[PDB]
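Structure first, then comments.
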Amino acid sequence: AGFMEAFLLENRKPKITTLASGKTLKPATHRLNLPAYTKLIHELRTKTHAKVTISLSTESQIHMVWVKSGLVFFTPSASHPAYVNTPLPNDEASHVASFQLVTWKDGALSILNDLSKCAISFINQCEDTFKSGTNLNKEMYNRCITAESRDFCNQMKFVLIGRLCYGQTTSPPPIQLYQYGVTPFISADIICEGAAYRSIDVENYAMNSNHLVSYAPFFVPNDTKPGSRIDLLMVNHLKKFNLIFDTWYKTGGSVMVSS
Amino acid sequence: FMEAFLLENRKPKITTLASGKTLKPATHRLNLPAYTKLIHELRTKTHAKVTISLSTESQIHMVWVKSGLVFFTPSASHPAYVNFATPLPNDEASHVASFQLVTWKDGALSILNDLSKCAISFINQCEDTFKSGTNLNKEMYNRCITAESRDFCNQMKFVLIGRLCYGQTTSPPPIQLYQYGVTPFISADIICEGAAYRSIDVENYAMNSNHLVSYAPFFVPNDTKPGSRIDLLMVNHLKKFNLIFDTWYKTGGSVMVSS
């Protein structure tokens, strides 16, 4: 699929139902999707990725989180904030049962590059499709601006945080991607034709970008000694466009790979 | 004083679920106080300039036209009719039981001016509060950006259409108000800190604003003759920012005054 149809999937099982005075509203027919993310998850689950093989046991849920040094696959214990069915992970108890670090050179940069290329392609494809005065297919247009977008926002947030961990100061992500990190959810019509920022934020961002990210350890267990390793650094807070408040990432923007 | 534009979210009109978890309803909703004030004054016959003369035995609505403000009582077959719980109006049957035109000079401009001043005040306040580096209370910030906004978007749509009917060509509304007319609704976080448009749209709008509106008759009955009067012109379509598709106003952006 090309153009905007590369970023649309059929909304087979609606992940959103809206209710109003006894009526259940009709679910959107489609959802926004970043195909490179779907492909990555599939390859990791099936052990068919060309550069990275998850070695953790698949009898427990596996998550992944970006750190400054690469990509961490991890199995949270039931007490970890990332666990899917108590003090936050700290230097004495990480609440991580096991982990696997993949450094940039060993495949994490290849993964990030594939994700980033797709995300930037989406941003550019939105300009070509919605902002260039070009004739548009009516059905495709309405599929786009009514599409479910919650999963897509989470995919783009994951790509953003990888870009920041790898290269916040040297290859900063564009504001069109940063916005996913400081707004939990953006509706598809705003993604396609609007923004979670305005023009002043655009000029500001080139100047502010080195100051928008706070990092903190992604705690994991020491293998031969008690306590936690503290040297793996994840995104902890992202400064919002008002430059006063932050969006907090309790688990560094981690996402689930398999259950 | 963003709190001037907030009301308690007493009886939310919708509830939303994500993957079967109901989201917490917002504590507050955005509101345009000049709109609430206007409706109350029209209902209670305490408006300083305009008195509705239609019978209150039936529901009363109002709609902007190029020559002012039309109060009307729709019949059950009219698209604006609201029940306790079919062909569109045309030059033969308006489905309007009675109407009252108030010209700009006889009070409609005063009404529009009070609404417009409030809406422009909101737009300017959003800049002062969210884009000026001003210290803000964290709780108040989150109350604003999580607020429900559907009713507010409808209020802003009404002000916008009045601005267009009165002075599309001579005093065009700003894009910060036009956006409410080409989006079904905008969430509060996007209203406060983002937009339903992007930077290129600002320059497009400066050039296009005299060409974005299609008008059509608001059909009302001829009083001495069969059929409908066809010379009262309401907003029928507003061109979206992509410049291809339009938002349709089946009843010219009419709103209910009294039930």
Handout entry: Filter pass, A:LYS117 being part of a helix (DSSP H, G or I), basic (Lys, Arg) and within 30 Å of A:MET4 (Cβ to Cβ)
Key = yes
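Suppose we filter B:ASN124, B:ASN208 for residues that are in contact with a strand residue (DSSP E or B) (Cβ under 8 Å, 6 or more places away or on another chain), closer than 28 Å to A:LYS131 by Cα and surrounded by fewer than 19 Cβ atoms within 10 Å (Cβ to Cβ); which single one remains?
Values: B:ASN124 fails: in contact with a strand residue (DSSP E or B) (Cβ under 8 Å, 6 or more places away or on another chain).
Exactly one residue qualifies, and that residue is B:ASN208.
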Completion exercise
Listed by first then second residue, the pairs whose first member lies in the range B:118-133 and is closer than 14 Å to B:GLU193 by Cβ, whose partner is among the hydroxyl-bearing types (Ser, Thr, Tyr) and not in a helix (DSSP H, G or I), with beta carbons under 7 Å and at least 6 positions apart or on separate chains, are B:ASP128/B:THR134
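Taking the range B:41-77 as the region of interest, how many residues are in contact with a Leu (Cβ under 9 Å, 6 or more places away or on another chain) and either of a type in the set (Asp, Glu) or over 20 Å from B:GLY107 (Cα atoms) (or both)? Walk me through it before giving the result.
First pass over the range B:41-77, keeping only residues in contact with a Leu (Cβ under 9 Å, 6 or more places away or on another chain): B:47, B:50-52, B:60, B:62-73.
In the following step, the residues that additionally are either of a type in the set (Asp, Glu) or over 20 Å from B:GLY107 (Cα atoms) (or both) were identified as none.
Residues flagged as in contact with a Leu (Cβ under 9 Å, 6 or more places away or on another chain) and either of a type in the set (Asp, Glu) or over 20 Å from B:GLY107 (Cα atoms) (or both) within the range B:41-77 amount to 0.
Got a sec? Which of B:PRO226, B:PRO221 is within 17 Å of B:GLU92 (Cα to Cα), in contact with a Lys or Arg (Cβ under 8 Å, 6 or more places away or on another chain) and either of a type in the set (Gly, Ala, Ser) or surrounded by fewer than 22 Cβ atoms within 10 Å (Cβ to Cβ) (or both)? Don't jump to the end; show me each part of the working.
Numbers: B:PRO226 fails: in contact with a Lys or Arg (Cβ under 8 Å, 6 or more places away or on another chain).
On inspection, the qualifying residue turns out to be B:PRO221.
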Exercise for the section: Tally the residues that are under 20 Å from the mean Cα position of the chain (by Cα), crowded, with 17+ Cβ neighbours inside 10 Å and of a type in the set (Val, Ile, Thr), restricting the search to the range B:66-99. Expected result: 2
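Listed residues A:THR86, A:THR103; which is in contact with a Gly (Cβ under 6 Å, 6 or more places away or on another chain) and of a type in the set (S, T, N, Q)? Explain how you work it out, then say what you get.
Values: A:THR86 fails: in contact with a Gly (Cβ under 6 Å, 6 or more places away or on another chain).
Just one listed residue meets the conditions, A:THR103.
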Fill in the blank from the handout: Selection over the range A:130-154 where residues are among the charged types (D, E, K, R), within 11 Å of chain B (Cβ to nearest Cβ), within 18 Å of A:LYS13 (Cβ to Cβ) and assigned to a helix (DSSP H, G or I) yields a count of 2
Handout entry: Residue under evaluation A:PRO81, criteria (1) closer than 21 Å to A:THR251 by Cα; (2) assigned to a strand (DSSP E or B), criterion not met
Key = (2)
Practice task
For the range A:1-46, name all the residues that are in contact with a helix residue (DSSP H, G or I) (Cβ under 8 Å, 6 or more places away or on another chain), in a helix (DSSP H, G or I), buried (at least 16 other Cβ atoms within 10 Å of the Cβ) and not hydrophobic (A, V, I, L, M, F, W, C).
Solution key: A:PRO35, A:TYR37
Problem - Subset of the range B:229-249 that is under 14 Å from the mean Cα position of the chain (by Cα) and within 30 Å of B:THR46 (Cα to Cα) - its residue that is surrounded by the most Cβ atoms within 10 Å (Cβ to Cβ) - result: B:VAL235
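Counting neighbours? That spans all protein chains shown, and the Cβs are built from the backbone with ideal geometry, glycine included. Bear in mind that the values in this text are calculations on the coordinates, not laboratory data.
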